[PDB]
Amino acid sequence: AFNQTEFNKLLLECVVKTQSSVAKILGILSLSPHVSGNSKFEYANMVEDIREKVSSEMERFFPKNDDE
């Protein structure tokens, strides 16, 4: 017996918890001396790049414009 609702709940918990955790992990590592002043890994630069990536994919599937 496969419970799609319970599957959905587990799927959601894992991905939401992972993202919240990964956001903190990224923050911690952005502060490691071994990458200080390395532009690719400057927090603000990384956050912007991540933002673009999420936007680009979200726009393929759930565009802000609902009538292209």
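One-based numbering along the sequence shown.
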query: Assigned third (lowest, middle, highest) for the C-alpha B factor of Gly37; finding: highest
query: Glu52, C-alpha B-factor rank within chain (lowest, middle or highest third); finding: highest
query: Modelled-residue ranking by C-alpha temperature factor, third containing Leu26; finding: middle
query: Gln4, C-alpha B-factor rank within chain (lowest, middle or highest third); finding: middle
query: Relative C-alpha B-factor of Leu10, binned into the chain's lowest, middle or highest third; finding: middle
